[PDB]
$ cat model32.csv   # CSV, N, CA and C atoms
chain,number,residue,atom,x,y,z
A,1,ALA,N,-29.3,-3.3,-16.0
A,1,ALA,CA,-29.5,-4.7,-16.5
A,1,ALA,C,-28.4,-5.6,-15.9
A,2,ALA,N,-27.2,-5.2,-15.9
A,2,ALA,CA,-26.1,-6.0,-15.3
A,2,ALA,C,-26.2,-6.1,-13.8
A,3,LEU,N,-26.9,-5.2,-13.2
A,3,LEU,CA,-27.1,-5.3,-11.7
A,3,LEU,C,-28.5,-5.7,-11.3
A,4,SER,N,-29.3,-6.3,-12.2
A,4,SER,CA,-30.6,-6.8,-11.9
A,4,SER,C,-30.6,-8.0,-11.0
A,5,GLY,N,-31.1,-7.9,-9.8
A,5,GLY,CA,-31.3,-9.1,-8.9
A,5,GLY,C,-30.1,-9.3,-8.0
A,6,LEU,N,-29.1,-8.4,-7.9
A,6,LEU,CA,-28.0,-8.6,-7.0
A,6,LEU,C,-28.4,-8.2,-5.6
A,7,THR,N,-28.1,-9.1,-4.6
A,7,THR,CA,-28.3,-8.7,-3.2
A,7,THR,C,-27.0,-9.2,-2.5
A,8,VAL,N,-26.5,-8.3,-1.6
A,8,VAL,CA,-25.2,-8.6,-0.9
A,8,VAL,C,-25.5,-8.8,0.5
A,9,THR,N,-25.1,-9.9,1.1
A,9,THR,CA,-25.3,-10.2,2.5
A,9,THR,C,-24.0,-10.6,3.1
A,10,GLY,N,-23.7,-10.1,4.4
A,10,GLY,CA,-22.5,-10.4,5.1
A,10,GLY,C,-22.6,-11.7,5.8
A,11,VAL,N,-21.6,-12.5,5.7
A,11,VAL,CA,-21.5,-13.9,6.3
A,11,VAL,C,-20.7,-13.9,7.6
A,12,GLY,N,-19.4,-13.5,7.4
A,12,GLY,CA,-18.5,-13.6,8.6
A,12,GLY,C,-17.2,-12.9,8.3
A,13,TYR,N,-16.3,-13.0,9.2
A,13,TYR,CA,-15.0,-12.3,9.1
A,13,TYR,C,-13.9,-13.0,9.9
A,14,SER,N,-12.7,-12.6,9.8
A,14,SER,CA,-11.6,-13.0,10.6
A,14,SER,C,-10.8,-11.8,11.1
A,15,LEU,N,-10.1,-12.0,12.3
A,15,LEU,CA,-9.6,-10.9,13.0
A,15,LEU,C,-8.1,-11.1,13.2
A,16,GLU,N,-7.3,-10.0,13.2
A,16,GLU,CA,-5.9,-10.0,13.5
A,16,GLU,C,-5.6,-9.6,14.9
A,17,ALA,N,-5.6,-10.5,15.8
A,17,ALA,CA,-5.3,-10.3,17.2
A,17,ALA,C,-4.1,-11.1,17.6
A,18,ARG,N,-3.1,-10.4,18.1
A,18,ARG,CA,-1.8,-11.0,18.5
A,18,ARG,C,-1.6,-10.9,20.0
A,19,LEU,N,-1.2,-12.0,20.5
A,19,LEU,CA,-1.1,-12.2,22.0
A,19,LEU,C,0.2,-11.5,22.5
A,20,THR,N,0.1,-10.4,23.2
A,20,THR,CA,1.3,-9.7,23.8
A,20,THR,C,1.7,-10.7,24.9
A,21,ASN,N,2.9,-11.3,24.6
A,21,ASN,CA,3.4,-12.2,25.6
A,21,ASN,C,4.1,-11.4,26.7
A,22,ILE,N,3.6,-11.6,28.0
A,22,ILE,CA,4.3,-11.4,29.2
A,22,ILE,C,4.8,-12.7,29.8
A,23,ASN,N,4.0,-13.7,29.6
A,23,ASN,CA,4.4,-15.1,30.0
A,23,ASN,C,5.2,-15.9,29.0
A,24,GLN,N,5.4,-15.3,27.8
A,24,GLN,CA,6.4,-15.9,26.8
A,24,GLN,C,6.1,-17.4,26.6
A,25,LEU,N,4.9,-17.8,26.2
A,25,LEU,CA,4.6,-19.2,25.9
A,25,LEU,C,5.2,-19.6,24.6
A,26,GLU,N,6.2,-19.0,24.0
A,26,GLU,CA,6.7,-19.2,22.7
A,26,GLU,C,8.2,-19.4,22.7
A,27,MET,N,8.6,-20.4,21.8
A,27,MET,CA,10.0,-20.7,21.7
A,27,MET,C,10.8,-19.9,20.6
A,28,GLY,N,10.1,-19.0,20.0
A,28,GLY,CA,10.7,-18.1,19.0
A,28,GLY,C,11.4,-18.9,17.9
A,29,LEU,N,12.7,-18.5,17.7
A,29,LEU,CA,13.6,-19.2,16.8
A,29,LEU,C,14.8,-19.7,17.5
A,30,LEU,N,15.1,-21.0,17.5
A,30,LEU,CA,16.2,-21.5,18.2
A,30,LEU,C,17.5,-21.1,17.5
A,31,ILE,N,18.6,-20.9,18.3
A,31,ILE,CA,19.9,-20.5,17.8
A,31,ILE,C,20.9,-21.5,18.3
A,32,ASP,N,21.5,-22.2,17.5
A,32,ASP,CA,22.5,-23.2,17.9
A,32,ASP,C,23.8,-22.9,17.2
A,33,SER,N,24.9,-23.4,17.8
A,33,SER,CA,26.3,-23.3,17.2
A,33,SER,C,27.0,-24.6,17.2
A,34,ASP,N,27.4,-25.1,16.1
A,34,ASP,CA,28.2,-26.3,16.0
A,34,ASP,C,29.5,-25.8,15.3
A,35,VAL,N,30.6,-26.6,15.6
A,35,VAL,CA,31.9,-26.3,15.0
A,35,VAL,C,32.4,-27.5,14.2
A,36,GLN,N,32.8,-27.2,13.0
A,36,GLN,CA,33.4,-28.2,12.1
A,36,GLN,C,34.9,-28.1,12.1
A,37,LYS,N,35.6,-29.2,11.9
A,37,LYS,CA,37.0,-29.2,11.7
A,37,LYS,C,37.4,-30.0,10.5
A,38,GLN,N,38.4,-29.4,9.8
A,38,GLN,CA,39.0,-30.0,8.6
A,38,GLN,C,40.4,-30.4,8.8
A,39,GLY,N,40.7,-31.7,8.5
A,39,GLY,CA,42.1,-32.2,8.8
A,39,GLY,C,43.0,-32.0,7.5
A,40,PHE,N,44.0,-31.2,7.7
A,40,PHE,CA,44.9,-30.8,6.6
A,40,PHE,C,46.3,-31.2,7.1
A,41,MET,N,46.9,-32.2,6.5
A,41,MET,CA,48.3,-32.7,6.8
A,41,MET,C,49.1,-32.9,5.6
A,42,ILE,N,50.4,-32.8,5.8
A,42,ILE,CA,51.3,-32.6,4.7
A,42,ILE,C,52.2,-33.8,4.4
A,43,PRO,N,52.4,-34.2,3.1
A,43,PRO,CA,53.3,-35.3,2.8
A,43,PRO,C,54.7,-34.8,2.6
A,44,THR,N,55.6,-35.7,2.1
A,44,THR,CA,57.0,-35.4,1.7
A,44,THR,C,57.1,-35.6,0.2
A,45,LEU,N,58.3,-35.1,-0.3
A,45,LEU,CA,58.5,-35.2,-1.7
A,45,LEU,C,59.9,-35.9,-2.0
A,46,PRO,N,60.1,-36.4,-3.2
A,46,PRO,CA,61.4,-37.0,-3.5
A,46,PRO,C,62.5,-35.9,-3.5
A,47,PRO,N,63.7,-36.4,-3.1
A,47,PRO,CA,64.8,-35.4,-2.8
A,47,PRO,C,65.6,-35.0,-4.0
A,48,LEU,N,66.2,-33.8,-3.9
A,48,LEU,CA,67.2,-33.2,-4.8
A,48,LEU,C,68.6,-33.3,-4.2
A,49,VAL,N,69.5,-33.8,-4.9
A,49,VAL,CA,70.9,-34.1,-4.4
A,49,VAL,C,71.9,-33.5,-5.3
A,50,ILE,N,73.0,-33.1,-4.7
A,50,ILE,CA,74.2,-32.8,-5.5
A,50,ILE,C,75.4,-33.6,-5.0
A,51,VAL,N,76.1,-34.2,-5.9
A,51,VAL,CA,77.3,-35.1,-5.6
A,51,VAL,C,78.5,-34.3,-5.8
B,1,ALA,N,-24.9,21.9,-61.5
B,1,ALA,CA,-25.6,20.6,-61.4
B,1,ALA,C,-25.7,20.1,-60.0
B,2,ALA,N,-24.7,20.2,-59.2
B,2,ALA,CA,-24.7,19.8,-57.8
B,2,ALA,C,-25.6,20.8,-57.0
B,3,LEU,N,-25.5,22.1,-57.3
B,3,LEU,CA,-26.3,23.1,-56.5
B,3,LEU,C,-27.7,23.3,-57.0
B,4,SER,N,-28.2,22.4,-57.9
B,4,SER,CA,-29.6,22.5,-58.4
B,4,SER,C,-30.6,22.3,-57.2
B,5,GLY,N,-31.6,23.2,-57.1
B,5,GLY,CA,-32.6,23.0,-56.1
B,5,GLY,C,-32.2,23.3,-54.7
B,6,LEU,N,-31.0,23.9,-54.5
B,6,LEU,CA,-30.6,24.1,-53.1
B,6,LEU,C,-31.3,25.3,-52.5
B,7,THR,N,-32.0,25.1,-51.4
B,7,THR,CA,-32.6,26.2,-50.7
B,7,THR,C,-32.2,26.3,-49.3
B,8,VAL,N,-31.9,27.5,-48.8
B,8,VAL,CA,-31.4,27.7,-47.4
B,8,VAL,C,-32.3,28.7,-46.7
B,9,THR,N,-32.7,28.4,-45.5
B,9,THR,CA,-33.5,29.2,-44.7
B,9,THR,C,-33.1,29.2,-43.2
B,10,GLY,N,-33.5,30.3,-42.5
B,10,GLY,CA,-33.1,30.4,-41.1
B,10,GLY,C,-34.2,29.8,-40.2
B,11,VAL,N,-33.8,29.5,-39.0
B,11,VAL,CA,-34.8,28.9,-38.0
B,11,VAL,C,-34.7,29.7,-36.7
B,12,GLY,N,-33.5,29.8,-36.1
B,12,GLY,CA,-33.5,30.4,-34.8
B,12,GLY,C,-32.1,30.8,-34.4
B,13,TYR,N,-31.9,31.3,-33.2
B,13,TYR,CA,-30.6,31.7,-32.7
B,13,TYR,C,-30.6,31.7,-31.2
B,14,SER,N,-29.5,32.0,-30.6
B,14,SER,CA,-29.3,32.1,-29.1
B,14,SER,C,-28.5,33.3,-28.8
B,15,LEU,N,-28.6,33.9,-27.6
B,15,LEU,CA,-27.9,35.1,-27.2
B,15,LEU,C,-27.2,34.8,-25.8
B,16,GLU,N,-26.0,35.4,-25.7
B,16,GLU,CA,-25.3,35.4,-24.4
B,16,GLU,C,-25.6,36.6,-23.6
B,17,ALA,N,-26.7,36.5,-22.8
B,17,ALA,CA,-27.1,37.6,-22.0
B,17,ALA,C,-26.7,37.4,-20.6
B,18,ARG,N,-26.3,38.5,-19.9
B,18,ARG,CA,-25.7,38.5,-18.6
B,18,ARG,C,-26.4,39.6,-17.7
B,19,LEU,N,-26.5,39.2,-16.4
B,19,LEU,CA,-27.3,40.0,-15.5
B,19,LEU,C,-26.4,40.8,-14.6
B,20,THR,N,-26.3,42.1,-14.8
B,20,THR,CA,-25.4,43.0,-14.0
B,20,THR,C,-26.2,43.3,-12.7
B,21,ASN,N,-26.2,42.4,-11.8
B,21,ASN,CA,-27.1,42.6,-10.6
B,21,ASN,C,-26.4,43.6,-9.7
B,22,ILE,N,-27.2,44.3,-8.9
B,22,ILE,CA,-26.7,45.3,-8.0
B,22,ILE,C,-26.9,44.9,-6.5
B,23,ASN,N,-28.1,44.5,-6.2
B,23,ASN,CA,-28.3,43.9,-4.9
B,23,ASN,C,-27.4,42.7,-4.7
B,24,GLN,N,-27.1,41.9,-5.8
B,24,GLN,CA,-26.4,40.7,-5.8
B,24,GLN,C,-27.3,39.6,-5.1
B,25,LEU,N,-27.5,38.5,-5.9
B,25,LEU,CA,-28.1,37.3,-5.3
B,25,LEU,C,-27.4,36.0,-5.7
B,26,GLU,N,-26.2,36.1,-6.3
B,26,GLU,CA,-25.5,35.0,-6.8
B,26,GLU,C,-24.7,34.3,-5.7
B,27,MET,N,-24.8,33.0,-5.6
B,27,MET,CA,-23.9,32.2,-4.7
B,27,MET,C,-22.5,32.0,-5.3
B,28,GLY,N,-22.3,32.3,-6.5
B,28,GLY,CA,-21.0,32.1,-7.1
B,28,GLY,C,-20.3,30.8,-6.9
B,29,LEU,N,-19.2,30.8,-6.2
B,29,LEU,CA,-18.5,29.6,-5.9
B,29,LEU,C,-18.1,29.6,-4.4
B,30,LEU,N,-18.8,28.9,-3.6
B,30,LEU,CA,-18.6,28.8,-2.1
B,30,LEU,C,-17.2,28.3,-1.9
B,31,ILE,N,-16.6,28.8,-0.8
B,31,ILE,CA,-15.2,28.4,-0.4
B,31,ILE,C,-15.3,27.9,1.0
B,32,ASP,N,-14.9,26.6,1.2
B,32,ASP,CA,-15.0,26.0,2.5
B,32,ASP,C,-13.7,25.3,2.8
B,33,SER,N,-13.6,24.7,4.0
B,33,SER,CA,-12.5,23.9,4.4
B,33,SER,C,-12.9,22.8,5.4
B,34,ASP,N,-12.2,21.7,5.4
B,34,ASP,CA,-12.4,20.6,6.4
B,34,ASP,C,-11.2,19.7,6.4
B,35,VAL,N,-11.1,18.8,7.3
B,35,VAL,CA,-9.9,17.9,7.5
B,35,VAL,C,-10.4,16.4,7.5
B,36,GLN,N,-9.5,15.5,7.1
B,36,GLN,CA,-9.7,14.1,7.4
B,36,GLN,C,-8.5,13.6,8.2
B,37,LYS,N,-8.8,13.4,9.5
B,37,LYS,CA,-7.8,12.9,10.4
B,37,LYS,C,-7.6,11.4,10.3
B,38,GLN,N,-6.4,10.9,10.5
B,38,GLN,CA,-6.1,9.5,10.3
B,38,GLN,C,-5.3,9.0,11.5
B,39,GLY,N,-5.7,7.8,12.0
B,39,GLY,CA,-5.0,7.2,13.1
B,39,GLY,C,-4.2,6.0,12.7
B,40,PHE,N,-2.9,6.0,13.2
B,40,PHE,CA,-2.0,5.0,12.8
B,40,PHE,C,-1.5,4.3,14.1
B,41,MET,N,-1.5,3.0,14.1
B,41,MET,CA,-1.1,2.2,15.2
B,41,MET,C,0.2,1.4,14.9
B,42,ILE,N,1.0,1.2,16.0
B,42,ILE,CA,2.2,0.5,15.9
B,42,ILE,C,2.1,-0.8,16.7
B,43,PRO,N,2.1,-1.9,16.1
B,43,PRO,CA,1.9,-3.2,16.9
B,43,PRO,C,3.2,-3.8,17.4
B,44,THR,N,3.1,-4.9,18.2
B,44,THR,CA,4.3,-5.7,18.5
B,44,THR,C,4.4,-6.9,17.6
B,45,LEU,N,5.5,-7.6,17.8
B,45,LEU,CA,5.8,-8.7,16.9
B,45,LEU,C,6.2,-10.0,17.7
B,46,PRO,N,6.1,-11.2,17.0
B,46,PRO,CA,6.6,-12.4,17.7
B,46,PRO,C,8.0,-12.3,18.1
B,47,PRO,N,8.3,-12.9,19.3
B,47,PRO,CA,9.7,-12.7,19.9
B,47,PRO,C,10.7,-13.6,19.3
B,48,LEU,N,12.0,-13.2,19.4
B,48,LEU,CA,13.1,-14.0,19.1
B,48,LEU,C,13.9,-14.3,20.3
B,49,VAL,N,14.2,-15.6,20.6
B,49,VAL,CA,14.7,-16.1,21.8
B,49,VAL,C,15.7,-17.2,21.6
B,50,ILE,N,16.7,-17.3,22.4
B,50,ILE,CA,17.6,-18.4,22.5
B,50,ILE,C,17.4,-19.0,23.9
B,51,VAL,N,17.3,-20.4,23.9
B,51,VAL,CA,17.2,-21.2,25.1
B,51,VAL,C,18.4,-22.1,25.1
$ encode --input "model32.csv" --output "structure tokens"
Amino acid sequence: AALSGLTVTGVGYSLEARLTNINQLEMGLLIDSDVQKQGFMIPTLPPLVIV
Amino acid sequence: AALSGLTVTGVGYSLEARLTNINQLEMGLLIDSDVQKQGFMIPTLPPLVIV
């Protein structure tokens, strides 16, 4: 009764085909290097004296 | 009082009869073997590149 009138028909599909690159038409993932610099400089302090 | 009018009679029975065959014609439990082979593929992957 729960299967009365069911008919299954195939419509289409999709395929997993990957292009083996010998010609390498791909940029992959770019790798860059930048350098940061932090400026660290020192003050002076009030003096200690003995008379 | 509860057992008033109680009548019990028999109807039938069953027997466990077994056939001690000598020629033998029983298929018993057939013993077989077979295999399910499986094929496994190793694909390639998208490339990693620095330009």
$ closest_residue --input "model32.csv" --among "A:15, A:22, A:6, A:41" --to "chain B" --atoms "only C-alpha atoms"
A:22
$ calpha_fit_and_write --input "model32.csv" --fixed "chain A" --moving "chain B" --output "PDB file with N, CA and C atoms, in the frame of the given file"
ATOM      1  N   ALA B   1     -26.388  -3.096 -17.871  1.00  0.00           N
ATOM      2  CA  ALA B   1     -26.439  -4.399 -18.570  1.00  0.00           C
ATOM      3  C   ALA B   1     -25.418  -5.365 -18.074  1.00  0.00           C
ATOM      4  N   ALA B   2     -24.222  -4.974 -17.819  1.00  0.00           N
ATOM      5  CA  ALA B   2     -23.160  -5.811 -17.279  1.00  0.00           C
ATOM      6  C   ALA B   2     -23.504  -6.145 -15.788  1.00  0.00           C
ATOM      7  N   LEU B   3     -23.996  -5.158 -15.030  1.00  0.00           N
ATOM      8  CA  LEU B   3     -24.271  -5.425 -13.570  1.00  0.00           C
ATOM      9  C   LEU B   3     -25.618  -6.028 -13.303  1.00  0.00           C
ATOM     10  N   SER B   4     -26.323  -6.530 -14.363  1.00  0.00           N
ATOM     11  CA  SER B   4     -27.643  -7.195 -14.171  1.00  0.00           C
ATOM     12  C   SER B   4     -27.452  -8.496 -13.304  1.00  0.00           C
ATOM     13  N   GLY B   5     -28.312  -8.660 -12.277  1.00  0.00           N
ATOM     14  CA  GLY B   5     -28.257  -9.876 -11.530  1.00  0.00           C
ATOM     15  C   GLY B   5     -27.116 -10.019 -10.588  1.00  0.00           C
ATOM     16  N   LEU B   6     -26.329  -8.935 -10.379  1.00  0.00           N
ATOM     17  CA  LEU B   6     -25.160  -9.139  -9.512  1.00  0.00           C
ATOM     18  C   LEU B   6     -25.558  -9.131  -8.052  1.00  0.00           C
ATOM     19  N   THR B   7     -25.231 -10.189  -7.334  1.00  0.00           N
ATOM     20  CA  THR B   7     -25.466 -10.218  -5.919  1.00  0.00           C
ATOM     21  C   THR B   7     -24.270 -10.483  -5.126  1.00  0.00           C
ATOM     22  N   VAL B   8     -24.055  -9.763  -4.023  1.00  0.00           N
ATOM     23  CA  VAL B   8     -22.819  -9.900  -3.185  1.00  0.00           C
ATOM     24  C   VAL B   8     -23.230 -10.191  -1.755  1.00  0.00           C
ATOM     25  N   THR B   9     -22.604 -11.151  -1.141  1.00  0.00           N
ATOM     26  CA  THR B   9     -22.824 -11.539   0.171  1.00  0.00           C
ATOM     27  C   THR B   9     -21.532 -11.908   0.950  1.00  0.00           C
ATOM     28  N   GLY B  10     -21.631 -11.802   2.306  1.00  0.00           N
ATOM     29  CA  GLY B  10     -20.435 -12.068   3.099  1.00  0.00           C
ATOM     30  C   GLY B  10     -20.406 -13.552   3.518  1.00  0.00           C
ATOM     31  N   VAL B  11     -19.236 -13.976   3.894  1.00  0.00           N
ATOM     32  CA  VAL B  11     -19.072 -15.436   4.344  1.00  0.00           C
ATOM     33  C   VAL B  11     -18.340 -15.433   5.687  1.00  0.00           C
ATOM     34  N   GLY B  12     -17.144 -14.823   5.763  1.00  0.00           N
ATOM     35  CA  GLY B  12     -16.425 -15.009   6.987  1.00  0.00           C
ATOM     36  C   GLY B  12     -15.311 -13.997   7.108  1.00  0.00           C
ATOM     37  N   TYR B  13     -14.496 -14.067   8.138  1.00  0.00           N
ATOM     38  CA  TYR B  13     -13.382 -13.165   8.348  1.00  0.00           C
ATOM     39  C   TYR B  13     -12.363 -13.801   9.246  1.00  0.00           C
ATOM     40  N   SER B  14     -11.289 -13.136   9.501  1.00  0.00           N
ATOM     41  CA  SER B  14     -10.161 -13.578  10.413  1.00  0.00           C
ATOM     42  C   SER B  14      -9.742 -12.438  11.247  1.00  0.00           C
ATOM     43  N   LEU B  15      -9.160 -12.649  12.442  1.00  0.00           N
ATOM     44  CA  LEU B  15      -8.741 -11.618  13.365  1.00  0.00           C
ATOM     45  C   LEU B  15      -7.231 -11.926  13.772  1.00  0.00           C
ATOM     46  N   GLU B  16      -6.512 -10.799  13.921  1.00  0.00           N
ATOM     47  CA  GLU B  16      -5.152 -10.882  14.490  1.00  0.00           C
ATOM     48  C   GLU B  16      -5.142 -10.691  15.951  1.00  0.00           C
ATOM     49  N   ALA B  17      -5.319 -11.829  16.683  1.00  0.00           N
ATOM     50  CA  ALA B  17      -5.349 -11.766  18.099  1.00  0.00           C
ATOM     51  C   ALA B  17      -4.071 -12.214  18.669  1.00  0.00           C
ATOM     52  N   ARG B  18      -3.625 -11.573  19.787  1.00  0.00           N
ATOM     53  CA  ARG B  18      -2.333 -11.722  20.386  1.00  0.00           C
ATOM     54  C   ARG B  18      -2.500 -11.903  21.951  1.00  0.00           C
ATOM     55  N   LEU B  19      -1.575 -12.765  22.461  1.00  0.00           N
ATOM     56  CA  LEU B  19      -1.727 -13.196  23.833  1.00  0.00           C
ATOM     57  C   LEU B  19      -0.723 -12.487  24.699  1.00  0.00           C
ATOM     58  N   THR B  20      -1.148 -11.544  25.517  1.00  0.00           N
ATOM     59  CA  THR B  20      -0.239 -10.732  26.397  1.00  0.00           C
ATOM     60  C   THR B  20       0.018 -11.637  27.636  1.00  0.00           C
ATOM     61  N   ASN B  21       0.877 -12.567  27.505  1.00  0.00           N
ATOM     62  CA  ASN B  21       1.026 -13.557  28.640  1.00  0.00           C
ATOM     63  C   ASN B  21       1.839 -12.861  29.714  1.00  0.00           C
ATOM     64  N   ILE B  22       1.646 -13.310  30.951  1.00  0.00           N
ATOM     65  CA  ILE B  22       2.323 -12.747  32.085  1.00  0.00           C
ATOM     66  C   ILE B  22       3.317 -13.762  32.744  1.00  0.00           C
ATOM     67  N   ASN B  23       2.814 -14.937  32.983  1.00  0.00           N
ATOM     68  CA  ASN B  23       3.726 -15.988  33.374  1.00  0.00           C
ATOM     69  C   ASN B  23       4.804 -16.201  32.334  1.00  0.00           C
ATOM     70  N   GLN B  24       4.480 -16.020  30.991  1.00  0.00           N
ATOM     71  CA  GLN B  24       5.286 -16.282  29.890  1.00  0.00           C
ATOM     72  C   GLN B  24       5.452 -17.852  29.758  1.00  0.00           C
ATOM     73  N   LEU B  25       5.074 -18.317  28.521  1.00  0.00           N
ATOM     74  CA  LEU B  25       5.403 -19.705  28.165  1.00  0.00           C
ATOM     75  C   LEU B  25       5.964 -19.858  26.751  1.00  0.00           C
ATOM     76  N   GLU B  26       6.345 -18.738  26.109  1.00  0.00           N
ATOM     77  CA  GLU B  26       6.784 -18.727  24.783  1.00  0.00           C
ATOM     78  C   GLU B  26       8.268 -19.085  24.683  1.00  0.00           C
ATOM     79  N   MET B  27       8.625 -19.986  23.805  1.00  0.00           N
ATOM     80  CA  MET B  27      10.068 -20.252  23.481  1.00  0.00           C
ATOM     81  C   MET B  27      10.668 -19.181  22.556  1.00  0.00           C
ATOM     82  N   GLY B  28       9.906 -18.356  22.002  1.00  0.00           N
ATOM     83  CA  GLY B  28      10.437 -17.352  21.108  1.00  0.00           C
ATOM     84  C   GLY B  28      11.406 -17.760  20.052  1.00  0.00           C
ATOM     85  N   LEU B  29      12.630 -17.320  20.143  1.00  0.00           N
ATOM     86  CA  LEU B  29      13.640 -17.709  19.222  1.00  0.00           C
ATOM     87  C   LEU B  29      14.931 -18.078  20.000  1.00  0.00           C
ATOM     88  N   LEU B  30      15.191 -19.312  20.167  1.00  0.00           N
ATOM     89  CA  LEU B  30      16.374 -19.876  20.930  1.00  0.00           C
ATOM     90  C   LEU B  30      17.600 -19.327  20.261  1.00  0.00           C
ATOM     91  N   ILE B  31      18.618 -19.087  21.113  1.00  0.00           N
ATOM     92  CA  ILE B  31      19.952 -18.563  20.638  1.00  0.00           C
ATOM     93  C   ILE B  31      20.973 -19.529  21.134  1.00  0.00           C
ATOM     94  N   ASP B  32      21.738 -20.137  20.167  1.00  0.00           N
ATOM     95  CA  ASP B  32      22.718 -21.121  20.528  1.00  0.00           C
ATOM     96  C   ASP B  32      23.999 -20.804  19.800  1.00  0.00           C
ATOM     97  N   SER B  33      25.047 -21.612  20.042  1.00  0.00           N
ATOM     98  CA  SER B  33      26.287 -21.532  19.359  1.00  0.00           C
ATOM     99  C   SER B  33      26.996 -22.894  19.258  1.00  0.00           C
ATOM    100  N   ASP B  34      27.775 -23.096  18.232  1.00  0.00           N
ATOM    101  CA  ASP B  34      28.620 -24.324  18.071  1.00  0.00           C
ATOM    102  C   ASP B  34      29.684 -24.068  17.045  1.00  0.00           C
ATOM    103  N   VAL B  35      30.611 -24.931  16.884  1.00  0.00           N
ATOM    104  CA  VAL B  35      31.810 -24.761  15.977  1.00  0.00           C
ATOM    105  C   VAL B  35      31.882 -26.009  15.010  1.00  0.00           C
ATOM    106  N   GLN B  36      32.469 -25.785  13.833  1.00  0.00           N
ATOM    107  CA  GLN B  36      32.922 -26.899  13.030  1.00  0.00           C
ATOM    108  C   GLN B  36      34.419 -26.739  12.780  1.00  0.00           C
ATOM    109  N   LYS B  37      35.153 -27.614  13.498  1.00  0.00           N
ATOM    110  CA  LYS B  37      36.582 -27.630  13.368  1.00  0.00           C
ATOM    111  C   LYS B  37      37.063 -28.367  12.132  1.00  0.00           C
ATOM    112  N   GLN B  38      38.152 -27.953  11.523  1.00  0.00           N
ATOM    113  CA  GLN B  38      38.605 -28.520  10.272  1.00  0.00           C
ATOM    114  C   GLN B  38      40.102 -28.798  10.380  1.00  0.00           C
ATOM    115  N   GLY B  39      40.499 -30.009   9.906  1.00  0.00           N
ATOM    116  CA  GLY B  39      41.887 -30.372   9.909  1.00  0.00           C
ATOM    117  C   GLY B  39      42.489 -30.398   8.539  1.00  0.00           C
ATOM    118  N   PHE B  40      43.713 -29.739   8.452  1.00  0.00           N
ATOM    119  CA  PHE B  40      44.328 -29.575   7.201  1.00  0.00           C
ATOM    120  C   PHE B  40      45.744 -30.218   7.309  1.00  0.00           C
ATOM    121  N   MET B  41      46.101 -31.010   6.342  1.00  0.00           N
ATOM    122  CA  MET B  41      47.341 -31.696   6.286  1.00  0.00           C
ATOM    123  C   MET B  41      48.241 -31.185   5.125  1.00  0.00           C
ATOM    124  N   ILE B  42      49.587 -31.238   5.396  1.00  0.00           N
ATOM    125  CA  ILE B  42      50.528 -30.818   4.458  1.00  0.00           C
ATOM    126  C   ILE B  42      51.361 -32.016   4.000  1.00  0.00           C
ATOM    127  N   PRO B  43      51.255 -32.432   2.822  1.00  0.00           N
ATOM    128  CA  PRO B  43      52.020 -33.697   2.393  1.00  0.00           C
ATOM    129  C   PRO B  43      53.408 -33.404   1.859  1.00  0.00           C
ATOM    130  N   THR B  44      54.186 -34.481   1.549  1.00  0.00           N
ATOM    131  CA  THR B  44      55.426 -34.291   0.777  1.00  0.00           C
ATOM    132  C   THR B  44      55.212 -34.573  -0.684  1.00  0.00           C
ATOM    133  N   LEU B  45      56.288 -34.348  -1.413  1.00  0.00           N
ATOM    134  CA  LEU B  45      56.183 -34.435  -2.859  1.00  0.00           C
ATOM    135  C   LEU B  45      57.356 -35.298  -3.466  1.00  0.00           C
ATOM    136  N   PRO B  46      57.141 -35.799  -4.748  1.00  0.00           N
ATOM    137  CA  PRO B  46      58.287 -36.493  -5.371  1.00  0.00           C
ATOM    138  C   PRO B  46      59.483 -35.663  -5.474  1.00  0.00           C
ATOM    139  N   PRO B  47      60.668 -36.337  -5.291  1.00  0.00           N
ATOM    140  CA  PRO B  47      61.973 -35.532  -5.200  1.00  0.00           C
ATOM    141  C   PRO B  47      62.492 -35.156  -6.526  1.00  0.00           C
ATOM    142  N   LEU B  48      63.335 -34.083  -6.555  1.00  0.00           N
ATOM    143  CA  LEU B  48      64.099 -33.706  -7.657  1.00  0.00           C
ATOM    144  C   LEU B  48      65.541 -33.862  -7.400  1.00  0.00           C
ATOM    145  N   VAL B  49      66.306 -34.581  -8.277  1.00  0.00           N
ATOM    146  CA  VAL B  49      67.599 -35.059  -8.080  1.00  0.00           C
ATOM    147  C   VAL B  49      68.445 -34.975  -9.316  1.00  0.00           C
ATOM    148  N   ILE B  50      69.697 -34.705  -9.209  1.00  0.00           N
ATOM    149  CA  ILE B  50      70.679 -34.815 -10.235  1.00  0.00           C
ATOM    150  C   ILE B  50      71.659 -35.908  -9.784  1.00  0.00           C
ATOM    151  N   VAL B  51      71.976 -36.828 -10.796  1.00  0.00           N
ATOM    152  CA  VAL B  51      72.943 -37.892 -10.643  1.00  0.00           C
ATOM    153  C   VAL B  51      74.006 -37.636 -11.670  1.00  0.00           C
TER     154      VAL B  51
END
$ interface_residues --input "model32.csv" --of "chain B" --to "chain A" --cutoff "7 Å" --atoms "all atoms listed in the file" --output "list in words"
residues 46, 47, 48, 49, 50 and 51 of chain B
$ atom_distance --input "model32.csv" --atom1 "atom C of residue 12 of chain A" --atom2 "atom C of residue 38 of chain B"
25.1 Å
$ atom_distance --input "model32.csv" --atom1 "atom C of residue 44 of chain B" --atom2 "atom N of residue 16 of chain A"
12.9 Å
$ atom_distance --input "model32.csv" --atom1 "atom C of residue 43 of chain B" --atom2 "atom CA of residue 14 of chain A"
18.7 Å
